[PDB]
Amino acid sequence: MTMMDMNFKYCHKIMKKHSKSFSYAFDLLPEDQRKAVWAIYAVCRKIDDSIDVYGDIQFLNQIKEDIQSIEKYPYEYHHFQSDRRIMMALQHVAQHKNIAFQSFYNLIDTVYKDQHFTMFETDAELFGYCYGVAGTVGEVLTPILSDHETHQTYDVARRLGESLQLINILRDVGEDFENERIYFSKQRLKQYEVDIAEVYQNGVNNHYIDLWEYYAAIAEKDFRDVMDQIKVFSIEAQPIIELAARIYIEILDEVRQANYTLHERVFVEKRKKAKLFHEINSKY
């Protein structure tokens, strides 16, 4: 059990803690691929959580500088300014894999922006945000999940990232509203005559359900497009990625069964995840 094992085990802990579903699927990858996934995940999570450490951009700028050190000198010893365990594991991954560093920088830029968040005028802006926060992370994962990356591999991974984000949005409407965030676009809220504050106070209605289902149908079509292009990924990652997906599709059903409540977080029971993987894996 080396120092490097401990760094990876820490990254695992972070991923298990903050996303049971992704944890459940990507943990099924062969050992060197899953460890690379944990490290990427943990870095992205730290970026996502950085503003609330002191309440400003300090820690986020140290994370960015750590990443830039790795990118510029992948083989030098660095005294990392942010979370050393995570940055050592990332550096280890970078020595073995072609990481898209600009995709971490895009992610970090989306975080800086989110300090002065203003609602999206249009869906194009919402989708731009899903790229920023999640398509970027798909791009970063691409060399880990495929043998030979082409632009298609990046395109599928990116679309998978964004459609997972859209599903998070649709699950978390109420919690996000409490945190003063609404991610549905002003254009689409206006068109469907929906006011989130009003829906949070008074319950769902038919306009809200129609708005929600509008975006659910986008996520679902994107998901089918990903599944039809599953073979861009390595054979070992294909059932894993198919499973990660299927579980997020199921989140949409969990929301509908809970009548679109804006007052709790719904989830796919662990035993249900094991059932989806049985279903998938029978066909692998």
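Numbers follow the displayed sequence, beginning with 1.
S.K.: Do at least a third of the other compared PDB entries leave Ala42 without coordinates?
M.R.: No, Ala42 is modelled in every other compared entry.
S.K.: Counting the other entries of this protein, is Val232 left out in at least a third of them?
M.R.: Modelled in all the others, so no.
S.K.: Which of the two stretches, 36-44 or 52-60, shows the higher mean Cα temperature factor in the record?
M.R.: So the stretch with the higher mean C-alpha B-factor is 52-60.
S.K.: If you take the mean CA temperature factor per stretch, which one wins between 134-142 and 195-203?
M.R.: Between 134-142 and 195-203, it is 195-203 that shows the higher mean C-alpha B-factor.
S.K.: Please work out which residue in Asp176, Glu149, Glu213, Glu125 has the highest C-alpha B-factor recorded for this crystal structure.
M.R.: Each of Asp176, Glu149, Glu213, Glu125 was compared by C-alpha B-factor; the highest is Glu149.
S.K.: Out of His116, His92, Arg171, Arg159, whose C-alpha atom has the biggest B factor in the entry?
M.R.: Of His116, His92, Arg171, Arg159, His116 has the highest C-alpha B-factor.
S.K.: Report the third (lowest, middle or highest) to which the CA temperature factor of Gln257 belongs, ranking only the modelled residues of the same chain.
M.R.: Tercile = highest for this residue's CA B-factor.
S.K.: Using the B-factor values recorded in the entry, state whether the Cα atom of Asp66 falls in the lowest, middle or highest third among the modelled residues of its chain.
M.R.: Lowest third of the chain for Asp66's C-alpha B-factor.
S.K.: Place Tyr183 in the lowest, middle or highest third of its chain's C-alpha B-factors, as listed in the PDB entry.
M.R.: Its C-alpha B-factor, which the entry lists for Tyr183, ranks in the lowest third among residues of this chain.
S.K.: So where's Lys72 on the chain's Cα temperature factor ranking, which third?
M.R.: Within its chain, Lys72 is a middle-third residue by C-alpha B-factor, going by the deposited values.
S.K.: Going by the CA temperature factor in the PDB record, which third of the chain does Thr110 belong to: lowest, middle or highest?
M.R.: It belongs to the lowest third of the chain when residues are ordered by C-alpha B-factor.
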